[PDB]
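These are the residues of each chain, in order.
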Amino acid sequence: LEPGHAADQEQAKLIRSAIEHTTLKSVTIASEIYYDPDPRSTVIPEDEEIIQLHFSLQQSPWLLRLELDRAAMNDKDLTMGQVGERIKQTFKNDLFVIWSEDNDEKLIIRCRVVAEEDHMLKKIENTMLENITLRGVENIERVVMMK
Amino acid sequence: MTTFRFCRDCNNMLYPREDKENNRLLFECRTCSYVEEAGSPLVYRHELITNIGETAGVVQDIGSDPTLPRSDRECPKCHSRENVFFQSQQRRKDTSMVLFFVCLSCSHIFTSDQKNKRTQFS
Amino acid sequence: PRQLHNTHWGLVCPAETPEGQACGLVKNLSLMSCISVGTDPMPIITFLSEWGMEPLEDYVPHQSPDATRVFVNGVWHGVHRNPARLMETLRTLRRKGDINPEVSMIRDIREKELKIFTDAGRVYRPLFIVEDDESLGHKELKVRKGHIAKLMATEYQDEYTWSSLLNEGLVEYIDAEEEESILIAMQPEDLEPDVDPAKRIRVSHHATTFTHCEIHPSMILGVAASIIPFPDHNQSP
Amino acid sequence: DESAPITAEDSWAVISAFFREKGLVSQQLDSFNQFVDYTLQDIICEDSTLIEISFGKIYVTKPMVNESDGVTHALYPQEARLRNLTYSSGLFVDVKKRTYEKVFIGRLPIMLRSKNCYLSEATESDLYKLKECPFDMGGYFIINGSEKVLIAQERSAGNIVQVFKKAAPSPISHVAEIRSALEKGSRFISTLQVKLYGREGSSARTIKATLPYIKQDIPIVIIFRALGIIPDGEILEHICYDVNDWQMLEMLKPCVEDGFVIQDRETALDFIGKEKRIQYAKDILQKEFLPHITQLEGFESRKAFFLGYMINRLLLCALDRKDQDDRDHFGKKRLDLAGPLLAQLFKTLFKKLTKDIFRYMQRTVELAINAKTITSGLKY
Amino acid sequence: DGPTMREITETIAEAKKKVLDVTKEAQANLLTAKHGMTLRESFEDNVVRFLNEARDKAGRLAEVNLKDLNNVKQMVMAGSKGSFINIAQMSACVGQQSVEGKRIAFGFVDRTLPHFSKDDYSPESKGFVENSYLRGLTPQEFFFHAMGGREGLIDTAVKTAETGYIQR
Ligand SMILES: [Zn+2]
Ligand SMILES: [Zn+2]
């Protein structure tokens with residue numbers, strides 16, 4: 001740790017978390033691909049809230065939906081927003097990403113490409129689960145603290 | 001829980017396609033030209049934290065296999081003390097040391113996981 | 001290949017082996033171990049179909065689930081429902097002397113598989129049979145102190161052989177693969193129902209599922225090791 | 001009470017009885033006898049019939065000695081060991097010469113105390129006169145005077161399916177192998193491998209298998225269709241014995257993609273190469289693929305069902321439902337002893353004795369047997 | 001001493017207790033895995049630690065009564081052969097056997113030897129030798145120990161070669 005900082009049990013926590021590699025995989029419970037043609041209402045009654053709520057202060061009919069373990073998330077310093085936007089800017093402009101807010105009783109993400117989509121929506125699920133880094137540095141798997 | 005369906009006629013595999021005029025999912029055989037409607041809208045399910053497999057090998061004679069250990073507990077159902085337990089059958093690194101009992105009398109499976117998330121054990 | 005594997009128990013001596021070079025690659029058989037010599041599998045591949053063995057030709061998987069598949073010397077011959085009855089047959093056919101005592105048979109109950117072997121070169125060893133068929137008591141080795149005096153008898157007269165013990169189902173030949181499916185007791189006495197401190201501490205006999213019982217545990221050593229006094233109060237190497 | 005239980009101190013008596021009957025080298029003797037009594041005869045009958053000249057029963061005499069300035073003498077260990085003579089016995093065949101447009105052949109060394117060896121009968125008092133020790137176990141051979149022992153050769157059991165994970169830097173992640181072997185006659189060693197390309201997270205994890213005499217891996221779907229099983233599902237019923245296990249099935253969808261280029265047995269057999277190729281394929285599927293089971297003709301279902309079984313044990317290992325197979329498990333290992341060992345030789349050699357007798361005919365337009373091939377053969 | 005063997009026979013007995021409890025805790029799924037480790041890894045880690053700790057305190061117990069007469073203690077005091085580990089393994093508990101830095105694995109399916117039931121992670125099962133050389137090993141003990149001592153022979157053979165290589 002930096003000079004003056006070497007007792008802050010907490011500063012030791014910050015760095016570790018800023019170093020240790022975290023993958024979407026480590027937090028994802030399951031992924032699914034649904035046929036949801038109308039982006040105004042979900043065929044999945046659970047995302048009704050998520051969909052309306054998405055207009056406060058093109059897309060295909062195929063949906064890539066991910067569920068995140070509240071625990072995996074609270075443990076690693078992660079937030080739906082942090083996650084969501086991280087994915088969001090990996091594919092920049094050409095993939096619609098939406099997710100429930102930390103408050104919701106279920107952590108979820110909804111993706112859509114933007115003619116063979118059930119394939120794109122898979123070669124993409126892998127890029128998400130493997131390639132996409134959430135927090136940390138590559139190669140730095142485990143990280144332990146010691147006094 | 002993605003059960004897939006076959007093409008009648010030439011018993012081959014069906015692949016999903018889109019009816020852009022009435023927004024509905026159609027599975028179509030690409031061997032011939034059969035086509036049908038879909039049961040559910042679910043095309044793919046991955047499961048990174050799978051649960052299927054813990055319970056496995058839970059067959060009718062299980063109580064006759066001697067290599068299994070035996071503890072006397074009460075299943076939530078037939079309060080009988082004839083059980084034969086065993087850890088998860090999932091052979092992964094992160095699996096837990098949770099036990100799974102199988103009441104020999106009523107043939108019901110019950111766990112020692114004081115966090116029972118499963119409703120159907122499997 | 002050179003580490004003393006778990007299965008080596010009762011077959012290969014755990015201790016005897018050359019130092020360094022061929023260490024662990026050269027082995028030694030334990031006193032009571034033997035090797036299968038080979039038998040005709042055809043008469044059994046026949047018997048089977050005569051008691052289920054619903055021929056693999058017409059195996060409708062999605063119409064027959066609970067059924068176990070049958071293997072004879074690596075060959076998948078077919079499927080079979082109620083294998084529990086079938087096995088009891090074979091078991092006695094080997095203890096009647098009707099099935100070559102070399103042939104090994106294993107039922108992976110949970111795995112839903114009945115595997116039978118007649119291959120040559122399978123190391124195996126004899127074990128007491130404990131099958132509990134007793135009204136007076138709870139489980140016990142079929143051999144009784146009567147079979148013994150009847151054995152010691154034959155020694156003094158120097159008609160009750162080892163083979164005689166084999167055909168009356170008092171003992172069996174279990175190879176590694178069939179061993180996967182049995183619960184063996186160590187001593188007969190101390191394991192089928194104040195303490196001298198000066199004696200080694202042993203675990204218990206928490207078992208009412210015992211299928212076999214070791215003739216004697218010192219029979220896991222080979223020729224060399226059998227000559228060491230108190231090898232059990234001696235450092236491993 | 002002759003019906004009472006037993007004490008450990010008694011098990012020793014069970015042991016005296018064990019040894020009183022098998023001695024300390026039964027493994028040896030027994031192995032050998034099996035060879036003599038059954039294994040040998042079996043070897044003579046195989047590819048003996050010549051295109052007729054056939055070979056029938058086999059007879060084995062007791063140790064003999066053919067010496068110049070002398071007639072055939074009865075040999076014994078004591079003399080063999082002393083004069084540096086090979087202690088073997090007479091080996092005679094029963095030949096039949098029919099005609100299409102009894103006989104001596106080599107010597108067979110003999111394990112010292114098996115059926116033949118005059119010592120397998122000799123009592124104690126007879127051993128002494130024979131200058132042989134009553135304590136000798138003798139599971140060895142006398143050759144050129146020195147006693148030779150055959151060391152048990154440990155090999156992996158064949159005809160058993162095993163699955164093994166592969167190192168991270170490989171293009172394959174899982175494999176199912178089978179050391180196919182005919183327990184008798186020829187005993188070919190063509191191994192079958194069912195590979196799973198791509199690791200966890202790769203796009204489209206396909207399944208291809210390696211067949212002998214074929215320079216490429218062929219996708220399971222296509223091999224099934226070459227075996228006469230065309231329709232997906234029908235094929236999948238051979239692999240996934242459960243319609244609810246959507247996980248396994250999902251893993252198989254990328255396999256169905258592969259064979260989506262070959263929809264009929266014709267092409268299925270061809271892909272492996274018309275005319276020429278097709279017969280080349282069929283043959284391989286019959287007599288060179290999954291040879292144990294059947295090499296015949298009408299058994300292409302008993303095989304499709306197996307290939308499936310294999311692909312199944314593979315997927316279980318790739319779903320983390322079952323562990324990799326333990327290469328070091330002793331039950332999937334075999335020990336080739338003196339018997340099976342001589343057997344591997346006697347074949348190679350008798351094969352020649354046959355292939356020569358033929359050449360003896362070919363050059364004789366219009367008793368011709370080199371007994372030296374089988375004798376010098378075993379000796380060397 | 002008689003009392004010393006007693007204090008040792010319990011030092012092990014309570015050592016087994018902790019192992020037992022930690023198991024019940026895990027079987028109930030109350031174990032919280034360490035960082036970067038598996039529930040399974042951190043269980044083994046804890047169990048191994050309890051046993052080595054049992055082996056060491058049983059040893060110091062033994063080492064302590066050794067009078068100034070005890071010839072073995074004498075050779076240890078002078079510094080000519082001998083060491084805690086020896087007195088500890090001879091006079092008190094031998095220790096946990098290991099192979100590849102783990103306790104005896106399940107070479108048999110889900111088990112150590114066919115004399116046990118599957119899914120048995122107790123100390124007896126996976127390699128603990130509670131007895132001393134003076135007391136004698138049990139068959140199950142004799143074999144695991146055999147498995148370990150062997151690993152000690154295999155790499156000793158390696159360490160010998162690979163070093164002679166390096167040195168040259
Ligand atoms: Zn069709
Ligand atoms: Zn019940």
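Residues numbered from 1 in each chain as written, not as in the entry; some residues may be left out. Chains lettered and ligands numbered in written order. Part of a larger assembly, values for the part shown. Heavy atoms only, no water.

Going by the header, the method for this PDB entry is X-ray crystallography, and the resolution given is 3.1 Å.

This entry's official PDB title is "RNA POLYMERASE II CRYSTAL FORM I AT 3.1 A RESOLUTION".

Moving on: the coordination of the zinc ion (ligand 2). All names here are of chain B. Taken together, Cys75 (SG), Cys78 (SG) and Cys106 (SG) make up the full set of protein donors to the zinc ion (ligand 2), lying 2.1 to 2.3 Å away. Each donor residue of the zinc ion (ligand 2) lies on the same chain, and together they follow the pattern C-x2-C-x27-C. In this pair, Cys75 is assigned in the loop between β4 (42-45) and β5 (86-87) and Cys106 in the loop between β6 (99-102) and β7 (109-111), connecting sequence segments 31 residues apart. For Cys75, a relative accessible area of 1% gives the class buried. (Donors = N, O, S within 2.8 Å, 3.2 Å for Na, K, Ca; no water. Helix = DSSP H or I, 4+ residues; strand = E, 2+ residues; numbered from the N terminus. Buried < 20%, exposed > 50% of the residue type's maximum accessible area, 1.4 Å probe, protein only.)

Let us now look at the packing of aromatic side chains. In total, this model carries 29 aromatic pairs over all chains according to the counting rule given. Judged by centre distance (6.4 Å) and plane angle (35°), the ring pair of B:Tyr15 and D:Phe260 falls under tilted. With one member in each of two chains, B:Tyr15 in strand β1 (residues 14-19) and D:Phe260 in the loop between α7 (246-258) and α8 (265-270) form a pair that bridges those chains. Between D:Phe92 and D:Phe104, the ring centres sit 5.2 Å apart and the planes meet at 65°, which makes this aromatic pair edge-to-face. According to the relative accessible area criterion, D:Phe104 is partly exposed, its value standing at 32%. Chaining the aromatic ring pairs together yields one cluster made of C:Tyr59, C:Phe71, C:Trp76, D:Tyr241, D:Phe305, D:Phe306 and D:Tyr309. In this structure, C:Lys115 is placed above the aromatic ring of C:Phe71, and the distance from its NZ or CZ to the ring centre is 5.3 Å. (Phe/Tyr/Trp six-rings, centres within 6.5 Å; stacked < 30°, edge-to-face > 60°. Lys NZ or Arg CZ within 6 Å of the ring centre and 35° of its normal.)

Here we come to the sheet that holds strand β3 (residues 35-37) of chain B. By definition, the strands of a sheet pair up through backbone hydrogen bonds, in either a parallel or an antiparallel sense. All names here are of chain B. With antiparallel pairing, the three strands of this open sheet are ordered in space as β1-β2-β3. The strands lining the two open edges of the sheet, one partner per strand, are β1 and β3. Recorded for the sheet is a direction-independent mean angle of 35° between the axes of neighbouring strands. As judged from the three bridges shared by strand β2 (residues 24-29) and β3, these two strands associate in the antiparallel manner. Residue pairing across strands places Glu28 opposite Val35, the latter belonging to β3. (Pairing = 2+ DSSP bridges. Axes fitted to C-alpha atoms, helices over the stretch in contact; angles between N-to-C directions.)

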